[PDB]
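Report on one structure; see the data block that follows.
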Amino acid sequence: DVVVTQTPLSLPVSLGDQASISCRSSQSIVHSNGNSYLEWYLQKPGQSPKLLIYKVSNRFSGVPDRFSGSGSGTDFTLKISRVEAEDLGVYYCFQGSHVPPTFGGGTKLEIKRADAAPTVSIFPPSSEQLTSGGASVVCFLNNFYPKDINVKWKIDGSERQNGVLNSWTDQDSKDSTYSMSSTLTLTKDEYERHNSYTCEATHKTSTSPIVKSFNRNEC
Amino acid sequence: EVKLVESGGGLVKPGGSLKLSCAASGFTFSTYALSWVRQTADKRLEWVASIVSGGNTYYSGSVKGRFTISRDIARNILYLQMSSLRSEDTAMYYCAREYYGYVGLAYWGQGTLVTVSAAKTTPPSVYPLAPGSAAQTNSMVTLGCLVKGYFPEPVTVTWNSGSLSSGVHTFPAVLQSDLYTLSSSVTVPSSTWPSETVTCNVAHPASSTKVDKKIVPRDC
(Lines give C-alpha, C1' and ligand atoms only; values in the text may rest on other atoms or scores of the structure.)
Protein backbone atom coordinates (compact mmCIF):
# COMPACT_ATOMS: atom_id res chain seq x y z
CA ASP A 1 0.00 0.00 0.00
CA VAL A 2 0.96 3.66 0.38
CA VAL A 3 1.82 4.88 3.89
CA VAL A 4 3.23 8.30 4.78
CA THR A 5 5.06 9.06 8.03
CA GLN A 6 5.87 12.60 9.07
CA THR A 7 8.52 13.43 11.69
CA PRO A 8 8.29 14.96 14.15
CA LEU A 9 4.77 15.72 15.34
CA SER A 10 5.79 19.02 16.96
CA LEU A 11 8.87 21.12 16.23
CA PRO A 12 10.12 24.08 18.33
CA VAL A 13 12.24 26.69 16.49
CA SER A 14 13.63 30.18 17.16
CA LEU A 15 13.02 33.15 14.89
CA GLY A 16 15.81 33.43 12.35
CA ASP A 17 16.72 29.76 12.74
CA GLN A 18 16.04 26.82 10.43
CA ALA A 19 13.66 23.90 10.72
CA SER A 20 13.37 20.58 8.90
CA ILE A 21 10.27 18.41 8.53
CA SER A 22 10.76 14.81 7.43
CA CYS A 23 8.32 12.80 5.32
CA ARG A 24 8.73 9.09 4.57
CA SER A 25 6.79 7.08 1.98
CA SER A 26 6.36 3.31 1.57
CA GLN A 27 7.82 2.88 -1.93
CA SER A 28 9.89 4.66 -4.60
CA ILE A 29 7.98 7.71 -5.81
CA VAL A 30 9.68 7.15 -9.18
CA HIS A 31 6.43 8.08 -11.03
CA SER A 32 6.43 6.14 -14.31
CA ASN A 33 8.32 8.66 -16.44
CA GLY A 34 10.14 11.29 -14.34
CA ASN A 35 9.09 13.48 -11.36
CA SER A 36 7.68 12.40 -7.97
CA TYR A 37 4.35 13.70 -6.71
CA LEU A 38 5.40 14.67 -3.23
CA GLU A 39 3.80 17.83 -1.90
CA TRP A 40 4.04 20.17 1.07
CA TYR A 41 1.16 22.09 2.63
CA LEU A 42 0.82 24.50 5.48
CA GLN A 43 -2.34 25.13 7.43
CA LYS A 44 -2.19 28.22 9.63
CA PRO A 45 -4.60 28.16 12.60
CA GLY A 46 -8.14 29.08 11.60
CA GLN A 47 -7.33 28.79 7.89
CA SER A 48 -7.40 26.33 4.98
CA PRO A 49 -4.41 24.20 3.96
CA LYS A 50 -2.35 25.95 1.28
CA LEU A 51 0.19 24.67 -1.26
CA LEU A 52 3.82 25.38 -0.51
CA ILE A 53 5.73 22.93 -2.66
CA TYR A 54 4.83 20.40 -5.35
CA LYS A 55 6.83 17.83 -7.33
CA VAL A 56 9.35 17.41 -4.50
CA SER A 57 11.02 20.81 -4.85
CA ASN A 58 8.81 23.15 -6.83
CA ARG A 59 7.97 26.39 -5.06
CA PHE A 60 4.38 27.48 -5.71
CA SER A 61 3.76 31.10 -6.78
CA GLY A 62 3.84 33.52 -3.86
CA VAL A 63 5.79 31.16 -1.63
CA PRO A 64 9.00 32.68 -0.16
CA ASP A 65 12.41 31.25 -1.04
CA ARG A 66 12.87 30.42 2.66
CA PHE A 67 10.90 27.26 1.87
CA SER A 68 12.59 24.40 0.05
CA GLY A 69 11.79 20.82 -0.68
CA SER A 70 14.00 17.90 -1.60
CA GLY A 71 14.72 14.25 -1.12
CA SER A 72 14.11 11.16 -3.25
CA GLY A 73 12.95 7.58 -3.03
CA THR A 74 11.49 7.23 0.45
CA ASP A 75 12.89 10.27 2.26
CA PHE A 76 11.65 13.81 1.59
CA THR A 77 12.54 16.98 3.42
CA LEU A 78 10.92 20.40 3.78
CA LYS A 79 13.32 23.06 4.96
CA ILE A 80 12.45 26.48 6.35
CA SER A 81 15.27 29.03 6.61
CA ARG A 82 15.13 32.21 8.72
CA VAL A 83 11.82 31.34 10.34
CA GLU A 84 9.21 34.07 10.86
CA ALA A 85 6.28 34.22 13.31
CA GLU A 86 3.78 33.92 10.45
CA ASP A 87 5.21 30.53 9.46
CA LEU A 88 3.73 28.81 12.49
CA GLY A 89 1.00 26.26 11.85
CA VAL A 90 0.65 22.61 10.83
CA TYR A 91 2.78 21.38 7.93
CA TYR A 92 1.59 18.39 5.88
CA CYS A 93 3.25 16.40 3.15
CA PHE A 94 1.14 14.73 0.49
CA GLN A 95 1.56 11.67 -1.76
CA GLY A 96 -0.48 11.64 -4.93
CA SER A 97 1.64 9.59 -7.29
CA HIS A 98 0.13 6.39 -5.94
CA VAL A 99 -3.35 5.13 -5.14
CA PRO A 100 -4.77 6.24 -2.90
CA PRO A 101 -3.32 9.75 -2.63
CA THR A 102 -2.46 10.28 1.06
CA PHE A 103 -1.51 12.91 3.65
CA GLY A 104 1.24 12.50 6.23
CA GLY A 105 0.14 12.85 9.84
CA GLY A 106 1.26 16.47 9.89
CA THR A 107 3.77 18.45 11.95
CA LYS A 108 3.17 21.48 14.13
CA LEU A 109 5.81 24.19 13.95
CA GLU A 110 6.14 26.07 17.25
CA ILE A 111 7.93 29.34 17.83
CA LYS A 112 10.36 29.75 20.70
CA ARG A 113 9.93 33.21 22.20
CA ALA A 114 10.72 34.90 25.51
CA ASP A 115 9.20 33.29 28.59
CA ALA A 116 6.04 35.27 29.29
CA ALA A 117 3.73 35.16 32.31
CA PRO A 118 -0.07 34.91 31.82
CA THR A 119 -2.51 37.74 32.50
CA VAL A 120 -5.26 36.25 34.68
CA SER A 121 -8.87 37.43 34.96
CA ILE A 122 -11.82 35.88 36.77
CA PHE A 123 -15.56 36.43 36.13
CA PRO A 124 -18.54 35.45 38.29
CA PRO A 125 -21.82 34.15 36.85
CA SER A 126 -23.80 36.76 34.94
CA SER A 127 -27.24 37.70 36.24
CA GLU A 128 -28.78 36.40 33.03
CA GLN A 129 -27.35 32.94 33.70
CA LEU A 130 -28.22 32.87 37.40
CA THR A 131 -31.83 33.41 36.37
CA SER A 132 -31.60 30.23 34.28
CA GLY A 133 -30.60 28.34 37.42
CA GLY A 134 -26.99 28.04 36.30
CA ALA A 135 -23.62 29.42 37.37
CA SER A 136 -20.39 29.36 35.42
CA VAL A 137 -17.26 30.97 36.81
CA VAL A 138 -14.85 31.86 34.02
CA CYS A 139 -11.11 32.49 34.38
CA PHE A 140 -8.90 33.64 31.48
CA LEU A 141 -5.16 33.05 31.46
CA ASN A 142 -4.09 35.16 28.47
CA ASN A 143 -0.86 35.66 26.48
CA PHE A 144 1.81 33.46 28.03
CA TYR A 145 4.72 31.23 27.00
CA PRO A 146 5.63 28.35 26.92
CA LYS A 147 2.28 26.59 26.51
CA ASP A 148 2.43 24.44 29.65
CA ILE A 149 0.18 25.95 32.28
CA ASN A 150 -1.92 24.56 35.09
CA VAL A 151 -5.02 26.05 36.60
CA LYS A 152 -6.43 24.96 39.94
CA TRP A 153 -9.89 25.97 41.21
CA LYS A 154 -10.63 26.70 44.89
CA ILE A 155 -14.01 27.23 46.60
CA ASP A 156 -13.89 28.83 50.05
CA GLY A 157 -10.35 27.64 50.54
CA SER A 158 -10.94 24.07 49.36
CA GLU A 159 -10.02 22.98 45.86
CA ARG A 160 -12.74 21.97 43.41
CA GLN A 161 -12.00 19.29 40.84
CA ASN A 162 -15.39 18.66 39.27
CA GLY A 163 -17.25 20.89 36.89
CA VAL A 164 -14.07 22.35 35.40
CA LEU A 165 -13.54 22.52 31.65
CA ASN A 166 -10.37 23.91 30.10
CA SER A 167 -9.45 25.00 26.58
CA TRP A 168 -6.25 26.20 24.92
CA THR A 169 -5.82 28.33 21.84
CA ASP A 170 -3.22 27.66 19.15
CA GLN A 171 -0.04 29.68 19.08
CA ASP A 172 -0.76 33.26 18.01
CA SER A 173 1.26 34.46 14.99
CA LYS A 174 0.79 37.92 16.52
CA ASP A 175 2.99 37.59 19.63
CA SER A 176 3.75 33.86 19.61
CA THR A 177 1.85 33.37 22.88
CA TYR A 178 -0.80 30.88 23.93
CA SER A 179 -4.00 31.63 25.83
CA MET A 180 -6.38 29.47 27.83
CA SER A 181 -9.76 29.52 29.56
CA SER A 182 -10.91 27.51 32.59
CA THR A 183 -14.67 27.33 33.22
CA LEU A 184 -16.25 26.15 36.48
CA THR A 185 -19.96 25.40 36.05
CA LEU A 186 -22.34 24.83 39.00
CA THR A 187 -26.08 25.00 39.60
CA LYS A 188 -27.27 28.38 40.91
CA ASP A 189 -28.34 26.56 44.08
CA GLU A 190 -25.02 25.00 45.05
CA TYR A 191 -23.14 28.10 43.87
CA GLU A 192 -24.90 30.17 46.52
CA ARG A 193 -23.68 28.02 49.41
CA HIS A 194 -20.17 29.42 49.25
CA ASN A 195 -18.52 32.81 49.21
CA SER A 196 -14.91 32.47 48.04
CA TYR A 197 -14.27 31.57 44.37
CA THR A 198 -10.60 31.33 43.29
CA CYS A 199 -8.56 30.24 40.26
CA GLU A 200 -4.80 29.88 40.54
CA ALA A 201 -2.47 29.96 37.55
CA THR A 202 0.71 27.90 37.95
CA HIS A 203 3.30 28.68 35.27
CA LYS A 204 7.07 28.28 34.78
CA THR A 205 7.43 32.09 34.94
CA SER A 206 7.05 32.08 38.74
CA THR A 207 7.61 30.02 41.88
CA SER A 208 4.17 30.92 43.23
CA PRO A 209 0.71 30.77 41.53
CA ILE A 210 -0.92 33.87 40.09
CA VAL A 211 -4.12 34.10 42.11
CA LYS A 212 -7.37 35.88 41.30
CA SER A 213 -10.74 35.55 43.00
CA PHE A 214 -13.94 37.19 44.19
CA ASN A 215 -16.22 36.72 47.17
CA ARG A 216 -20.04 36.85 46.99
CA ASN A 217 -19.52 39.18 49.95
CA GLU A 218 -22.20 41.79 49.22
CA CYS A 219 -20.90 43.47 46.05
CA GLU B 1 -8.62 35.18 -9.12
CA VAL B 2 -9.52 31.56 -8.43
CA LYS B 3 -12.26 31.22 -5.82
CA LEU B 4 -14.05 28.22 -4.36
CA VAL B 5 -17.02 28.36 -1.96
CA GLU B 6 -18.45 25.31 -0.20
CA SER B 7 -21.88 24.97 1.33
CA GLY B 8 -24.55 22.39 2.07
CA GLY B 9 -22.88 21.57 5.35
CA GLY B 10 -24.75 20.95 8.59
CA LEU B 11 -26.18 18.33 10.94
CA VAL B 12 -27.11 14.89 9.54
CA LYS B 13 -28.53 11.78 11.23
CA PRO B 14 -26.69 8.43 11.12
CA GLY B 15 -27.52 6.62 7.89
CA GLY B 16 -28.53 9.89 6.30
CA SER B 17 -27.61 11.61 3.06
CA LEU B 18 -26.32 15.07 2.17
CA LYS B 19 -25.07 16.72 -1.02
CA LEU B 20 -22.39 19.42 -0.81
CA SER B 21 -21.74 22.26 -3.25
CA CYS B 22 -18.55 24.05 -4.25
CA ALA B 23 -19.16 27.24 -6.23
CA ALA B 24 -16.20 27.81 -8.50
CA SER B 25 -15.22 31.10 -10.11
CA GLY B 26 -12.13 32.72 -11.61
CA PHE B 27 -11.15 29.90 -13.97
CA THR B 28 -12.36 27.69 -16.83
CA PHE B 29 -14.29 25.15 -14.77
CA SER B 30 -13.73 22.09 -17.00
CA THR B 31 -9.99 22.51 -17.64
CA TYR B 32 -8.77 21.41 -14.22
CA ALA B 33 -9.28 18.45 -11.93
CA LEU B 34 -11.29 19.07 -8.77
CA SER B 35 -11.21 17.32 -5.39
CA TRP B 36 -12.78 16.94 -1.98
CA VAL B 37 -10.54 16.54 1.05
CA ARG B 38 -11.95 16.27 4.55
CA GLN B 39 -10.42 17.03 7.92
CA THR B 40 -11.42 15.09 11.02
CA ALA B 41 -11.27 16.48 14.56
CA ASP B 42 -7.64 15.43 15.14
CA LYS B 43 -6.50 17.79 12.34
CA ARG B 44 -6.20 14.63 10.21
CA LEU B 45 -6.49 15.23 6.44
CA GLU B 46 -7.95 12.66 4.07
CA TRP B 47 -8.48 12.79 0.31
CA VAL B 48 -12.10 11.87 -0.34
CA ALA B 49 -12.73 12.16 -4.08
CA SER B 50 -11.57 13.61 -7.38
CA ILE B 51 -13.00 14.38 -10.79
CA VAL B 52 -10.46 14.81 -13.57
CA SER B 53 -10.92 17.10 -16.57
CA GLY B 54 -11.82 14.07 -18.66
CA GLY B 55 -14.81 13.21 -16.51
CA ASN B 56 -13.24 10.24 -14.73
CA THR B 57 -13.85 9.94 -11.00
CA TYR B 58 -11.56 8.38 -8.41
CA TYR B 59 -12.39 7.48 -4.82
CA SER B 60 -10.68 6.26 -1.68
CA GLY B 61 -11.78 3.04 0.00
CA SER B 62 -13.36 4.39 3.17
CA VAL B 63 -15.76 6.10 0.79
CA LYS B 64 -16.39 4.11 -2.42
CA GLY B 65 -20.06 3.30 -2.74
CA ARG B 66 -21.35 6.03 -0.46
CA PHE B 67 -19.86 9.19 -1.97
CA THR B 68 -20.37 10.59 -5.45
CA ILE B 69 -18.51 13.46 -7.07
CA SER B 70 -19.81 15.23 -10.17
CA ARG B 71 -19.83 18.65 -11.75
CA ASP B 72 -22.30 21.01 -13.38
CA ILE B 73 -20.09 22.32 -16.17
CA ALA B 74 -22.49 25.07 -17.23
CA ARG B 75 -23.21 26.37 -13.73
CA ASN B 76 -19.64 25.96 -12.41
CA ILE B 77 -20.69 23.80 -9.48
CA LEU B 78 -18.81 20.87 -7.99
CA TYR B 79 -20.96 18.49 -5.92
CA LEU B 80 -20.27 15.63 -3.53
CA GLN B 81 -23.19 13.34 -2.76
CA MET B 82 -22.71 11.59 0.59
CA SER B 83 -24.78 8.55 1.61
CA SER B 84 -24.97 6.06 4.48
CA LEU B 85 -23.39 8.69 6.69
CA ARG B 86 -21.56 7.47 9.79
CA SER B 87 -20.26 9.43 12.77
CA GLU B 88 -16.82 8.91 11.26
CA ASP B 89 -17.82 11.07 8.31
CA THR B 90 -18.02 14.04 10.64
CA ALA B 91 -15.47 16.55 9.41
CA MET B 92 -14.66 19.75 7.58
CA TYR B 93 -15.03 19.22 3.82
CA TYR B 94 -13.00 21.32 1.39
CA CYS B 95 -13.09 21.33 -2.39
CA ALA B 96 -9.84 22.15 -4.14
CA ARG B 97 -8.70 22.57 -7.73
CA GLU B 98 -5.43 21.04 -8.90
CA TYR B 99 -2.75 23.49 -10.06
CA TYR B 100 -2.52 21.69 -13.41
CA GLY B 101 -2.73 17.98 -14.29
CA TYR B 102 -2.59 16.27 -10.87
CA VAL B 103 0.48 18.02 -9.52
CA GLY B 104 -0.99 19.71 -6.45
CA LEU B 105 -4.08 21.09 -4.73
CA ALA B 106 -3.37 24.74 -5.49
CA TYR B 107 -6.69 26.35 -4.51
CA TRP B 108 -8.88 25.48 -1.53
CA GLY B 109 -12.25 26.75 -0.34
CA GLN B 110 -13.07 27.77 3.20
CA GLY B 111 -14.73 24.42 3.84
CA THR B 112 -18.14 23.39 5.15
CA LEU B 113 -18.64 21.48 8.42
CA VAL B 114 -20.57 18.18 8.24
CA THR B 115 -21.73 16.74 11.54
CA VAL B 116 -23.19 13.26 11.85
CA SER B 117 -25.16 12.71 15.04
CA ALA B 118 -28.55 11.84 16.46
CA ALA B 119 -28.24 14.87 18.72
CA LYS B 120 -30.65 17.80 18.26
CA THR B 121 -29.94 21.31 16.96
CA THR B 122 -29.65 23.69 19.94
CA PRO B 123 -29.12 27.50 20.15
CA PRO B 124 -26.37 28.86 22.40
CA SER B 125 -27.13 31.02 25.43
CA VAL B 126 -24.88 34.09 25.46
CA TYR B 127 -23.77 35.47 28.84
CA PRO B 128 -21.67 38.64 29.41
CA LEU B 129 -18.35 38.40 31.27
CA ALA B 130 -17.63 41.72 33.01
CA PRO B 131 -15.28 42.73 35.87
CA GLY B 132 -17.26 42.11 39.05
CA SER B 133 -14.97 44.51 40.94
CA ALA B 134 -11.88 46.67 40.36
CA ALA B 135 -9.26 45.97 43.07
CA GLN B 136 -6.26 46.98 40.92
CA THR B 137 -6.90 47.15 37.17
CA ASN B 138 -4.29 48.63 34.79
CA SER B 139 -4.50 50.57 31.51
CA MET B 140 -6.02 47.38 30.14
CA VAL B 141 -9.30 45.68 31.00
CA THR B 142 -10.48 42.23 29.95
CA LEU B 143 -14.08 41.47 29.04
CA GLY B 144 -15.62 38.38 27.47
CA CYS B 145 -18.65 36.34 26.45
CA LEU B 146 -19.64 32.86 27.55
CA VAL B 147 -21.45 30.97 24.77
CA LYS B 148 -22.81 27.69 26.13
CA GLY B 149 -25.02 24.72 25.51
CA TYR B 150 -25.27 24.77 21.71
CA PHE B 151 -25.13 22.20 18.89
CA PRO B 152 -23.79 21.46 16.44
CA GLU B 153 -20.64 23.42 15.64
CA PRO B 154 -19.63 25.96 14.35
CA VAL B 155 -20.28 29.23 16.08
CA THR B 156 -19.00 32.71 15.28
CA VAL B 157 -17.96 35.43 17.68
CA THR B 158 -16.94 39.01 17.02
CA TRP B 159 -16.67 42.31 18.82
CA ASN B 160 -18.39 45.58 17.91
CA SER B 161 -18.90 43.84 14.55
CA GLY B 162 -15.26 43.74 13.51
CA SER B 163 -14.20 47.06 15.01
CA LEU B 164 -12.48 45.27 17.89
CA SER B 165 -10.23 42.90 15.95
CA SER B 166 -6.99 43.00 17.92
CA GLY B 167 -6.63 41.73 21.45
CA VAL B 168 -9.21 39.00 21.08
CA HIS B 169 -9.06 35.39 22.20
CA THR B 170 -11.88 33.10 21.13
CA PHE B 171 -11.23 29.71 22.68
CA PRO B 172 -11.98 26.40 20.90
CA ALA B 173 -15.31 24.81 21.87
CA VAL B 174 -15.40 21.91 24.32
CA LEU B 175 -18.10 19.25 24.08
CA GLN B 176 -19.99 17.96 27.10
CA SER B 177 -23.19 15.91 27.01
CA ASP B 178 -23.94 16.61 23.34
CA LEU B 179 -23.44 20.34 23.97
CA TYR B 180 -20.59 22.67 23.00
CA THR B 181 -19.42 25.61 25.12
CA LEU B 182 -17.00 28.37 24.28
CA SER B 183 -15.70 31.70 25.52
CA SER B 184 -14.11 34.74 23.94
CA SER B 185 -12.09 37.43 25.68
CA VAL B 186 -11.37 40.92 24.41
CA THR B 187 -8.83 43.26 25.99
CA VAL B 188 -9.04 47.00 25.40
CA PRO B 189 -7.71 50.21 27.00
CA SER B 190 -9.25 50.63 30.47
CA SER B 191 -9.99 54.28 29.68
CA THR B 192 -12.24 53.37 26.76
CA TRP B 193 -14.65 51.47 29.04
CA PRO B 194 -17.37 51.70 30.30
CA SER B 195 -16.68 54.91 28.35
CA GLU B 196 -17.12 53.14 25.01
CA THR B 197 -19.56 50.30 24.37
CA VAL B 198 -18.17 46.80 24.02
CA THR B 199 -20.46 44.17 22.55
CA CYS B 200 -19.90 40.60 21.36
CA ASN B 201 -22.02 39.40 18.45
CA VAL B 202 -22.50 35.65 18.35
CA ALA B 203 -23.97 33.73 15.40
CA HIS B 204 -24.81 30.01 15.11
CA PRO B 205 -25.83 29.20 11.49
CA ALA B 206 -27.28 25.78 12.34
CA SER B 207 -30.05 27.35 14.42
CA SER B 208 -30.30 30.53 12.36
CA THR B 209 -29.43 32.25 15.65
CA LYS B 210 -27.87 35.70 15.73
CA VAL B 211 -27.39 37.54 19.04
CA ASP B 212 -25.62 40.64 20.39
CA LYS B 213 -24.89 41.02 24.09
CA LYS B 214 -23.68 44.35 25.45
CA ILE B 215 -21.19 44.25 28.34
CA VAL B 216 -22.30 46.21 31.39
CA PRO B 217 -20.27 46.79 34.57
CA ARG B 218 -21.55 44.57 37.38
CA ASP B 219 -23.31 46.44 40.17
CA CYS B 220 -23.28 45.30 43.76
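Residues in the C-alpha coordinates are named by chain (A, B, ... in the order shown) and by number from 1 within that chain; ligands are numbered from 1 in the order shown.
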| chain A residues near chain B (7 Å cut-off, only C-alpha atoms) as a VMD selection string | chain A and resid 37 39 48 50 to 51 54 to 55 100 to 103 105 123 to 124 126 128 to 129 167 to 169 218 to 219
Please save N, CA, C and O atoms of the selected residues as a JSON list (two decimals), in the first residue's frame.
[["chain", "number", "residue", "atom", "x", "y", "z"],
["A", 37, "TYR", "N", 5.41, 12.83, -7.22],
["A", 37, "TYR", "CA", 4.35, 13.70, -6.71],
["A", 37, "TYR", "C", 4.27, 13.78, -5.20],
["A", 37, "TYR", "O", 3.35, 13.27, -4.56],
["A", 39, "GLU", "N", 4.19, 16.45, -2.11],
["A", 39, "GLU", "CA", 3.80, 17.83, -1.90],
["A", 39, "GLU", "C", 3.81, 18.28, -0.45],
["A", 39, "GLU", "O", 3.64, 17.48, 0.46],
["A", 48, "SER", "N", -7.39, 27.52, 5.83],
["A", 48, "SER", "CA", -7.40, 26.33, 4.98],
["A", 48, "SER", "C", -5.97, 25.92, 4.61],
["A", 48, "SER", "O", -5.05, 26.75, 4.60],
["A", 50, "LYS", "N", -2.75, 25.24, 2.49],
["A", 50, "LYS", "CA", -2.35, 25.95, 1.28],
["A", 50, "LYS", "C", -1.07, 25.31, 0.72],
["A", 50, "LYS", "O", -0.21, 24.86, 1.47],
["A", 51, "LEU", "N", -0.97, 25.27, -0.60],
["A", 51, "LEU", "CA", 0.19, 24.67, -1.26],
["A", 51, "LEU", "C", 1.49, 25.44, -1.12],
["A", 51, "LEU", "O", 1.56, 26.63, -1.42],
["A", 54, "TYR", "N", 5.34, 21.55, -4.60],
["A", 54, "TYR", "CA", 4.83, 20.40, -5.35],
["A", 54, "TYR", "C", 5.97, 19.78, -6.15],
["A", 54, "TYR", "O", 7.00, 20.41, -6.37],
["A", 55, "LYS", "N", 5.80, 18.54, -6.57],
["A", 55, "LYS", "CA", 6.83, 17.83, -7.33],
["A", 55, "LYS", "C", 8.19, 17.83, -6.62],
["A", 55, "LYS", "O", 9.23, 18.12, -7.22],
["A", 100, "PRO", "N", -4.10, 4.94, -2.81],
["A", 100, "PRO", "CA", -4.77, 6.24, -2.90],
["A", 100, "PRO", "C", -3.86, 7.41, -2.51],
["A", 100, "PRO", "O", -2.87, 7.22, -1.80],
["A", 101, "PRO", "N", -4.17, 8.62, -3.00],
["A", 101, "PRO", "CA", -3.32, 9.75, -2.63],
["A", 101, "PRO", "C", -3.45, 9.86, -1.10],
["A", 101, "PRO", "O", -4.54, 9.64, -0.57],
["A", 102, "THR", "N", -2.37, 10.19, -0.39],
["A", 102, "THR", "CA", -2.46, 10.28, 1.06],
["A", 102, "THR", "C", -1.65, 11.39, 1.72],
["A", 102, "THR", "O", -0.59, 11.78, 1.24],
["A", 103, "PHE", "N", -2.15, 11.86, 2.86],
["A", 103, "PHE", "CA", -1.51, 12.91, 3.65],
["A", 103, "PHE", "C", -0.72, 12.36, 4.83],
["A", 103, "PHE", "O", -1.17, 11.44, 5.51],
["A", 105, "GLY", "N", 0.84, 12.45, 8.63],
["A", 105, "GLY", "CA", 0.14, 12.85, 9.84],
["A", 105, "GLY", "C", 0.19, 14.33, 10.18],
["A", 105, "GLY", "O", -0.65, 14.81, 10.94],
["A", 123, "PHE", "N", -14.21, 35.87, 36.31],
["A", 123, "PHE", "CA", -15.56, 36.43, 36.13],
["A", 123, "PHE", "C", -16.63, 35.60, 36.81],
["A", 123, "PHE", "O", -16.70, 34.38, 36.62],
["A", 124, "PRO", "N", -17.48, 36.23, 37.64],
["A", 124, "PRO", "CA", -18.54, 35.45, 38.29],
["A", 124, "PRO", "C", -19.70, 35.18, 37.32],
["A", 124, "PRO", "O", -19.68, 35.63, 36.19],
["A", 126, "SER", "N", -23.05, 35.56, 35.30],
["A", 126, "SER", "CA", -23.80, 36.76, 34.94],
["A", 126, "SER", "C", -25.16, 36.67, 35.66],
["A", 126, "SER", "O", -25.49, 35.64, 36.27],
["A", 128, "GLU", "N", -27.97, 37.10, 34.02],
["A", 128, "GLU", "CA", -28.78, 36.40, 33.03],
["A", 128, "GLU", "C", -28.73, 34.90, 33.33],
["A", 128, "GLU", "O", -29.76, 34.24, 33.44],
["A", 129, "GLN", "N", -27.52, 34.36, 33.44],
["A", 129, "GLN", "CA", -27.35, 32.94, 33.70],
["A", 129, "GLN", "C", -27.93, 32.47, 35.03],
["A", 129, "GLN", "O", -28.55, 31.40, 35.09],
["A", 167, "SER", "N", -9.58, 24.90, 28.02],
["A", 167, "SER", "CA", -9.45, 25.00, 26.58],
["A", 167, "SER", "C", -8.28, 25.90, 26.21],
["A", 167, "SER", "O", -8.16, 27.02, 26.72],
["A", 168, "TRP", "N", -7.41, 25.41, 25.33],
["A", 168, "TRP", "CA", -6.25, 26.20, 24.92],
["A", 168, "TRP", "C", -6.35, 26.62, 23.48],
["A", 168, "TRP", "O", -6.88, 25.90, 22.65],
["A", 169, "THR", "N", -5.83, 27.81, 23.19],
["A", 169, "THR", "CA", -5.82, 28.33, 21.84],
["A", 169, "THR", "C", -4.60, 27.73, 21.13],
["A", 169, "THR", "O", -3.87, 26.91, 21.69],
["A", 218, "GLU", "N", -21.42, 40.58, 49.50],
["A", 218, "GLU", "CA", -22.20, 41.79, 49.22],
["A", 218, "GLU", "C", -22.14, 42.39, 47.82],
["A", 218, "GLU", "O", -23.16, 42.43, 47.13],
["A", 219, "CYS", "N", -20.99, 42.88, 47.39],
["A", 219, "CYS", "CA", -20.90, 43.47, 46.05],
["A", 219, "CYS", "C", -20.52, 42.47, 44.96],
["A", 219, "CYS", "O", -19.57, 42.72, 44.19]]
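Here atom CA of residue A:111 and atom CA of residue B:39 stand 24.2 Å from one another.
With only C-alpha atoms as the basis for measurement, A:157 is the residue among A:64, A:134, A:89, A:157 that approaches residue A:215 most closely.
The coordinates place atom CA of residue B:155 at 29.3 Å from atom CA of residue A:189.
Atom CA of residue B:71 to atom CA of residue A:95 spans 24.6 Å [interatomic distance, one decimal].
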| message | Give me, as a PyMOL selection string, all polymer residues having an atom no more than 6 Å from stretch 113-115 of chain B, counting only C-alpha atoms and skipping those fewer than 2 positions away in the same chain. | response | chain B and resi 9-11+90-92
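Of the residues under consideration (A:49, A:107, A:97, A:60), A:107 shows the shortest atom-to-atom contact distance to residue A:20 when counting only C-alpha atoms.
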| Neighbours of residue B:158 within 6 Å (only C-alpha atoms; same-chain residues fewer than 2 positions away dropped), as a PyMOL selection string? | chain B and resi 161+200-201
| Which of B:150, B:159, B:67, B:193 sits closest to residue B:179 [using only C-alpha atoms] | B:150
| request: Return the single residue from A:130, A:42, A:210, A:90 that is closest to residue A:117, with distances computed using only C-alpha atoms. | output: A:210
